[PDB]
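Report on the structure given below.
Atom set for the values below is all heavy atoms of this structure, side chains included, hydrogens, waters and symmetry mates excluded. We number each residue from 1, following the sequence as shown.
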Amino acid sequence: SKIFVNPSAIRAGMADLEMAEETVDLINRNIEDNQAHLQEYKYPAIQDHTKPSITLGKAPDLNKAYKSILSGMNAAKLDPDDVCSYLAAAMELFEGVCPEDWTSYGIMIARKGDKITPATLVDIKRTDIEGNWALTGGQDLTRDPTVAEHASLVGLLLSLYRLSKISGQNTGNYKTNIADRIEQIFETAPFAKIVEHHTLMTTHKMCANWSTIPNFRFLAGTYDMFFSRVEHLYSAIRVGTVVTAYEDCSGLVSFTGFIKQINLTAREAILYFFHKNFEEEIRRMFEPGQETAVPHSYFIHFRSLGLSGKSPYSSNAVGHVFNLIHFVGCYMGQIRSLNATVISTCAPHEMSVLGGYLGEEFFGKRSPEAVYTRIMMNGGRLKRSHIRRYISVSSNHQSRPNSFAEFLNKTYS
């Protein structure tokens with residue numbers, strides 16, 4: 001009525017959407033590939049032909065920097081300014097050949113055949129202020145580190161980004177398993193064992209906030225962007241940096257993953273989004289010029305690289321779409337949706353109503369118009385079967401605060 005629209009009208013007016021299919025395909029494929037490593041709004045497109053940049057202190061001698069940091073790693077005392085400075089200087093050790101011309105947002109990163117490193121992707125300015133480079137456990141001279149040892153330290157340090165991002169209750173056993181697997185990777189060829197078991201977790205306990213240090217996040221995204229494009233001997237370093245891909249794009253990513261889950265084209269799936277507020281949010285996600293369908297674009301790491309502070313692709317940015325997708329997920333009994341956080345300011349009651357009808361529509365693997373018809377025939381209200389299912393899934397779950405499951409328990413019971 002005044003809240004919902006006939007999908008026949010959405011079918012006429014959503015044909016302007018651009019590269020929506022290609023975007024869904026690329027993002028879903030990238031998410032799939034990333035699994036091997038895992039186990040007011042400002043659009044990101046660069047307009048001035050300058051690479052992303054940060055500022056660090058004066059470049060250190062790599063061998064001296066390695067020895068200082070490895071000593072800090074064993075003592076669970078790392079200086080984050082020194083670690084960033086070392087990580088940026090270590091980029092020169094990760095050299096490959098660009099397999100094809102690499103351009104993003106009008107910036108020619110490299111031409112086919114160019115020798116490139118992660119430093120090619122960004123402008124890292126440096127002051128003339130020396131880092132601290134303190135060493136403990138005795139200042140006795142030690143053998144110079146090999147490249148493989150540098151690669152292990154780089155990988156271990158960068159994994160503190162991923163470990164820092166993991167936070168919340170009932171997450172430290174998962175954190176323990178992740179830490180253990182990361183340690184194993186970086187003590188297994190082509191990497192070298194440079195620390196004893198359980199050192200990473202002890203270090204992370206003192207570095208738990210590092211994911212909120214912008215320069216460190218920036219460096220993690222730079223390495224991840226580089227290893228995504230350039231196959232490299234030490235590419236497994238992405239076990240720590242893969243989490244920078246599509247950061248703060250949980251609305252767009254929920255949308256693309258939702259389209260794949262219901263096995264529809266983006267053109268057809270959009271027809272089911274027939275609540276009036278969806279249109280603005282859907283056009284927000286497919287704004288032209290952002291390279292959402294371009295492989296290896298800066299777009300994939302735009303949040304970590306500082307291209308935008310207010311993502312148009314976040315769950316809040318498209319809260320109605322996001323709420324709807326995860327109420328459907330709740331109806332389907334998907335834990336990821338039950339524990340997701342509701343966008344309180346995006347009509348979670350109406351999204352839960354449409355979610356119940358769509359959940360019923362797709363349960364167990366029919367047209368958008370039929371669904372619209374059923375909702376209207378019930379006066380825009382959930383049926384008792386819907387509510388029973390919603391309660392069945394939520395009352396039988398450990399509803400987290402502000403989660404979709406908690407919303408269902410308080411709203412339907």
Side-chain angles (χ1 to χ4, degrees), residues 42-62 64-66 68-69 72 78-95 102-110 116-133 150-151 153-165 207-230 237-238 240-249 291 296-311:
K42 303 310 197 172
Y43 282 97
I46 297 168
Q47 300 302 309
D48 52 22
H49 300 105
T50 70
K51 299 174 184 170
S53 49
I54 56 168
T55 305
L56 299 172
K58 197 195 187 129
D61 179 291
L62 270 177
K64 291 188 75 75
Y66 171 97
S68 174
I69 290 166
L78 289 170
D79 180 305
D81 290 300
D82 288 349
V83 164
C84 292
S85 184
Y86 167 74
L87 285 172
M91 287 176 180
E92 75 191 62
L93 308 176
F94 302 96
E95 202 179 22
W102 195 2
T103 308
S104 182
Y105 295 145
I107 297 166
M108 188 57 172
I109 300 171
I116 54 169
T117 80
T120 302
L121 286 41
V122 298
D123 284 318
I124 291 168
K125 302 217 154 221
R126 284 186 181 268
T127 70
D128 57 2
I129 307 305
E130 298 285 359
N132 305 305
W133 306 125
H150 275 290
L153 186 55
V154 168
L156 287 165
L157 294 169
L158 285 170
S159 77
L160 294 165
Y161 181 78
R162 178 173 183 186
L163 292 172
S164 172
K165 263 190 113 189
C207 305
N209 66 312
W210 279 22
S211 70
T212 74
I213 297 172
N215 285 351
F216 185 57
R217 183 172 189 181
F218 183 99
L219 291 165
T222 305
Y223 273 97
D224 202 61
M225 181 170 182
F226 173 86
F227 286 126
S228 290
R229 164 79 277 189
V230 184
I237 286 173
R238 294 194 70 201
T241 65
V242 63
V243 295
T244 58
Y246 297 116
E247 264 177 3
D248 215 1
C249 295
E291 294 187 358
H296 310 298
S297 166
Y298 281 118
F299 172 85
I300 297 167
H301 297 85
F302 81 74
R303 193 64 161 95
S304 65
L305 295 171
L307 278 59
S308 168
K310 185 111 182 294
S311 174

- Task: Please list, chain by chain and in numerical order, all residues satisfying ring pair (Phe, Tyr, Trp, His ring centres under 6.0 Å) with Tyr86, sequence neighbours excluded.
- Result: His150
- Flag yes if more than 12 heavy atoms outside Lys310 fall under 6.0 Å of its NZ atom; otherwise flag no. yes
- Message: Closer than 3.5 angstrom, by distance alone: can the side chain of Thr120 be matched with the main-chain N or O of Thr117 as a donor-acceptor pair?
- Response: yes
- For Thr244 and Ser304, which heavy atoms make the closest approach, and how far apart are they? CB-OG, 3.9 Å
- Spatial distance of atom CG (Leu153) from atom CG (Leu62) [nearest 0.5 Å]: 10.5 Å
- Item | All ring pair (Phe, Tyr, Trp, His ring centres under 6.0 Å) counterparts of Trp133, not counting sequence neighbours | none
- Query: Are any side-chain N or O atoms of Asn209 and backbone N or O atoms of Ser164, one a donor and one an acceptor, separated by less than 3.5 Å?
  - Reply: no
- Item | salt bridge (charged side-chain N to carboxylate O under 4.0 Å, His left out) partner of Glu247, chosen from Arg162, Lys165, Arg303 | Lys165
- Task: Look only at the side chain of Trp102 and the backbone of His296, and say whether a donor-acceptor pair between them is shorter than 3.5 Å.
- Result: yes
- Looking only at heavy atoms, the pair that brings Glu291 and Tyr105 closest together is OE2-N, 2.6 Å
- Query: Does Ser311 use its side chain to pair, donor to acceptor, with the backbone of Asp248 at less than 3.5 Å?
  - Reply: yes
- Item | Under 3.5 Å donor-acceptor, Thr241 side chain and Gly221 backbone | no
- When rounded to the nearest 0.5 angstrom, what distance separates CD1 in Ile213 from CG in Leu219? 10.5 Å
- Which atom pair, heavy atoms only, marks the closest approach of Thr127 to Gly57? OG1-CA, 3.5 Å
- With no hydrogens and no angle check, is any side-chain donor or acceptor of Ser85 less than 3.5 Å from a backbone partner on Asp82? no
- N/O donor-acceptor pair under 3.5 Å between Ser104 side chain and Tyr298 backbone: yes
- Centroid-centroid distance, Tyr223 to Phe226, less than 6.0 Å: no
- Take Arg238 and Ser228 through the side chain to side chain donor-acceptor pair (under 3.5 Å) test and state the conclusion after the steps. CA-CA 8 Å; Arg238 294 194 70 201; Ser228 290; 3.0 Å; yes
- Query: Is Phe216 close to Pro80 at the side-chain level, that is, under 4.5 Å between some pair of heavy atoms?
  - Reply: no
- Heavy atoms, side chains only, cut-off 4.5 Å: are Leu78 and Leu160 in contact? yes
- Message: Test of understanding: with side chain to side chain donor-acceptor pair (under 3.5 Å), list the residues that count as partners of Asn132, not counting sequence neighbours.
- Response: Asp79
- CG (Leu158) and CH2 (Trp210) are apart, to the nearest 0.5 Å, by 10.5 Å
